[PDB]
Amino acid sequence: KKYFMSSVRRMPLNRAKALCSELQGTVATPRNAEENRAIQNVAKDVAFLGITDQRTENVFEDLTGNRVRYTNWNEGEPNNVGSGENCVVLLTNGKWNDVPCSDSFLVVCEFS
Amino acid sequence: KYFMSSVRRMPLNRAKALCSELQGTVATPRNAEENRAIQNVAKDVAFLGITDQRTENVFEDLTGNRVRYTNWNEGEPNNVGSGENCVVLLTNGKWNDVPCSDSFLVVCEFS
Ligand SMILES: [Ca+2]
Ligand SMILES: [Ca+2]
Ligand SMILES: [Ca+2]
Ligand SMILES: [Ca+2]
Ligand SMILES: [Cl-]
């Protein structure tokens, strides 16, 4: 089964990736509503998910380059504001928001 | 409990910081079953969340609880040199006390 754990400190996606990979896990990528809720359970605040549209704008993939199926975008998202928002966070209501990969948020790691 | 191993080596203070960052702790086997599980996730010698830093030869977990189950390698713990107050799980599953300043892999434990 997948197990999700939340970080205590906030950091940009690249550091979030490094943190989860340090324990041989990955940044949490919910594949369905059950997993999305499981991530909500552990994230006490806005937290990074392992999804990006860095390759092609508006084509969201997990960190292994696998195009995602399930999405739970907050109304109005993804909006790619300004210079670009190519990373994704799980808001406190469980919905998603695309944000700059360089911005800092808690991270939820996934292990199985 | 879920056990995960790090890929890089680091001293105990950094190991504690890593496990704590994801709200866990350095793995502390409470019986032979947990000891084997940690051994299996660790690909090389790794730190356990046990030390005798507070009182020499009184081994406790990182929350101050004295440990009951132990699996010391023959001749251990020997507190050699200027002192060894940290503990590692060897590749055969037995334990060895080592300097906390030394670098080893870390196995984190989560509930
Ligand atoms: Ca984008
Ligand atoms: Ca947005
Ligand atoms: Ca000692
Ligand atoms: Ca020793
Ligand atoms: Cl020491």
# chains A, B, ... in the order shown; residues from 1 in each chain; ligands from 1
>>> residues_around(residues="region 101-103 of chain B", least_positions_apart="2", cutoff="6 Å", atoms="only C-alpha atoms", output="list in words")
residues 9, 10, 11 and 99 of chain B
>>> residues_near_ligand(ligand="ligand 1", cutoff="10 Å", atoms="only C-alpha atoms and all ligand atoms", output="count of residues only")
24
>>> closest_atom_pairs(of="chain A", to="chain B", cutoff="6 Å", atoms="only C-alpha atoms", output="tab-separated table")
residue	atom	partner	partner_atom	distance
A:5	CA	B:22	CA	5.9
A:6	CA	B:22	CA	5.5
A:7	CA	B:22	CA	4.5
A:8	CA	B:21	CA	5.5
A:22	CA	B:6	CA	5.4
A:23	CA	B:6	CA	4.6
>>> residues_near_ligand(ligand="ligand 3", cutoff="7 Å", atoms="only C-alpha atoms and all ligand atoms", output="list in words")
residues 52, 53, 56, 57, 79, 83, 84, 85 and 97 of chain B
>>> closest_atom_pairs(of="chain B", to="ligand 4", cutoff="6 Å", atoms="only C-alpha atoms and all ligand atoms", output="CSV")
residue,atom,partner,partner_atom_place_in_ligand_line,distance
B:76,CA,ligand 4,1 (Ca),5.5
B:77,CA,ligand 4,1 (Ca),5.2
B:78,CA,ligand 4,1 (Ca),4.7
B:79,CA,ligand 4,1 (Ca),5.5
B:80,CA,ligand 4,1 (Ca),5.9
B:96,CA,ligand 4,1 (Ca),4.9
B:97,CA,ligand 4,1 (Ca),4.1
B:98,CA,ligand 4,1 (Ca),5.2
>>> select_by_dssp(residues="region 27-111 of chain A", states="helix (DSSP H, G or I)", output="VMD selection string")
chain A and resid 33 to 42
>>> write_last_selection(atoms="N, CA and C atoms", output="PDB file, in the first residue's frame")
ATOM      1  N   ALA A  33      -9.367   9.788  -5.422  1.00  0.00           N
ATOM      2  CA  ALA A  33      -9.878  10.584  -4.307  1.00  0.00           C
ATOM      3  C   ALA A  33      -9.514  10.044  -2.927  1.00  0.00           C
ATOM      4  N   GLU A  34      -9.367   8.718  -2.809  1.00  0.00           N
ATOM      5  CA  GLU A  34      -9.016   8.059  -1.549  1.00  0.00           C
ATOM      6  C   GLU A  34      -7.607   8.500  -1.161  1.00  0.00           C
ATOM      7  N   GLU A  35      -6.692   8.434  -2.125  1.00  0.00           N
ATOM      8  CA  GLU A  35      -5.305   8.846  -1.910  1.00  0.00           C
ATOM      9  C   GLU A  35      -5.239  10.353  -1.661  1.00  0.00           C
ATOM     10  N   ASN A  36      -6.059  11.123  -2.374  1.00  0.00           N
ATOM     11  CA  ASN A  36      -6.074  12.567  -2.197  1.00  0.00           C
ATOM     12  C   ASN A  36      -6.456  12.889  -0.748  1.00  0.00           C
ATOM     13  N   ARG A  37      -7.475  12.192  -0.243  1.00  0.00           N
ATOM     14  CA  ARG A  37      -7.929  12.387   1.136  1.00  0.00           C
ATOM     15  C   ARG A  37      -6.869  11.893   2.129  1.00  0.00           C
ATOM     16  N   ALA A  38      -6.138  10.836   1.770  1.00  0.00           N
ATOM     17  CA  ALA A  38      -5.093  10.301   2.643  1.00  0.00           C
ATOM     18  C   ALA A  38      -3.954  11.323   2.767  1.00  0.00           C
ATOM     19  N   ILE A  39      -3.701  12.051   1.686  1.00  0.00           N
ATOM     20  CA  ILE A  39      -2.659  13.070   1.701  1.00  0.00           C
ATOM     21  C   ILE A  39      -3.152  14.255   2.541  1.00  0.00           C
ATOM     22  N   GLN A  40      -4.435  14.589   2.401  1.00  0.00           N
ATOM     23  CA  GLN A  40      -5.057  15.672   3.181  1.00  0.00           C
ATOM     24  C   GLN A  40      -4.885  15.374   4.672  1.00  0.00           C
ATOM     25  N   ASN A  41      -5.117  14.122   5.051  1.00  0.00           N
ATOM     26  CA  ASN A  41      -4.983  13.717   6.442  1.00  0.00           C
ATOM     27  C   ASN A  41      -3.638  14.032   7.052  1.00  0.00           C
ATOM     28  N   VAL A  42      -2.579  13.947   6.250  1.00  0.00           N
ATOM     29  CA  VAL A  42      -1.249  14.207   6.781  1.00  0.00           C
ATOM     30  C   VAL A  42      -0.731  15.642   6.615  1.00  0.00           C
TER      31      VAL A  42
END
>>> closest_residue(among="A:49, A:91, A:68, A:43", to="residue 13 (chain A)", atoms="only C-alpha atoms")
A:49
>>> closest_residue(among="A:62, A:67, A:48, A:104", to="residue 92 (chain A)", atoms="only C-alpha atoms")
A:48
>>> residues_around(residues="residue 50 (chain B)", least_positions_apart="6", cutoff="8 Å", atoms="only C-alpha atoms", output="list in words")
residues 28, 59, 60, 61, 62, 67, 86 and 87 of chain B
>>> closest_residue(among="A:29, A:89, A:64, A:97", to="ligand 2", atoms="only C-alpha atoms and all ligand atoms")
A:97
>>> select_by_dssp(residues="chain A", states="strand (DSSP E)", output="PyMOL selection string")
chain A and resi 3-6+26-27+47-56+59-62+87-90+96-99+106-111
>>> atom_distance(atom1="CA of residue 109 (chain A)", atom2="CA of residue 25 (chain A)")
6.4 Å
>>> closest_residue(among="B:54, B:66, B:36, B:30", to="ligand 5", atoms="only C-alpha atoms and all ligand atoms")
B:54
>>> residues_around(residues="residue 70 (chain B)", least_positions_apart="3", cutoff="9 Å", atoms="only C-alpha atoms", output="mmCIF file with C-alpha atoms, in the first residue's frame")
data_model
loop_
_atom_site.group_PDB
_atom_site.id
_atom_site.type_symbol
_atom_site.label_atom_id
_atom_site.label_comp_id
_atom_site.auth_asym_id
_atom_site.auth_seq_id
_atom_site.Cartn_x
_atom_site.Cartn_y
_atom_site.Cartn_z
ATOM 1 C CA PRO B 29 14.003 -2.325 17.070
ATOM 2 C CA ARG B 30 11.922 -3.512 20.039
ATOM 3 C CA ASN B 31 12.247 -7.235 19.220
ATOM 4 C CA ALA B 32 13.951 -9.646 16.801
ATOM 5 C CA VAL B 67 15.623 -0.192 25.741
ATOM 6 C CA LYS B 94 23.945 -7.451 15.316
ATOM 7 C CA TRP B 95 24.663 -4.093 16.947
#
>>> atom_distance(atom1="CA of residue 105 (chain B)", atom2="CA of residue 20 (chain A)")
15.4 Å
